[PDB]
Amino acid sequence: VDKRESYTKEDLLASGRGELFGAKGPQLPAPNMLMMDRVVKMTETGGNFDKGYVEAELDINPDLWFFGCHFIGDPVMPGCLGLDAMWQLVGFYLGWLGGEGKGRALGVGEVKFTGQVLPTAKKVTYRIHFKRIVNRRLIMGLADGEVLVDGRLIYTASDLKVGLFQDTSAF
């Protein structure tokens, strides 16, 4: 794949249909599971471990679907969805490096939610710091993640793990 440092919302939507990295590359979820609007920076070096970095953003507005049901009369973006965005970015990066296969989240170490995303916020920022990448027969990524809302850190996740699989018959 020809690597770009950033991707637009249109690119992320093309990705969900497998039109970005080709038919062998991984796909990002499509709405309403897509949890980012754009990827503002992607590098092979950099990040807290100098092994890779990804920064993405999600624009917030009061009308996003999840505010209406989580919860009724007490809108707050589900934490699980910010967490999924992080898994999505780790998997996307693996595909960006040329990894082939279907994306499947494998797990995460500690996750801490210290703040919330309200319908009055404006922008959610995701930062992924890669600590390890296996791109041999097996394609797997390990990273730490940070979620900020309007420049303030609210969630951290250690050891997000995602792999790409050509055969998912054993799951």
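From 1 onward, residues are counted along the sequence shown.
As the entry records it, the average C-alpha temperature factor is higher for 41 to 49, out of 121 to 129 and 41 to 49. Across the two stretches, 32 to 40 and 136 to 144, the PDB entry reports the greater mean Cα temperature factor for 136 to 144. Ranking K161, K24, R152, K9 by Cα temperature factor from the entry places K24 first. Within the selection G103, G115, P62, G107, the deposited Cα B-factor values reach their highest point at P62. In the PDB entry, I72 places in the highest third of its chain by CA B-factor. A14: CA B factor in the middle third of modelled residues in this chain (values from the PDB entry). In the PDB entry, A85 places in the lowest third of its chain by CA B-factor. When the modelled residues of the chain are ordered by their C-alpha B factor, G95 lands in the middle third.
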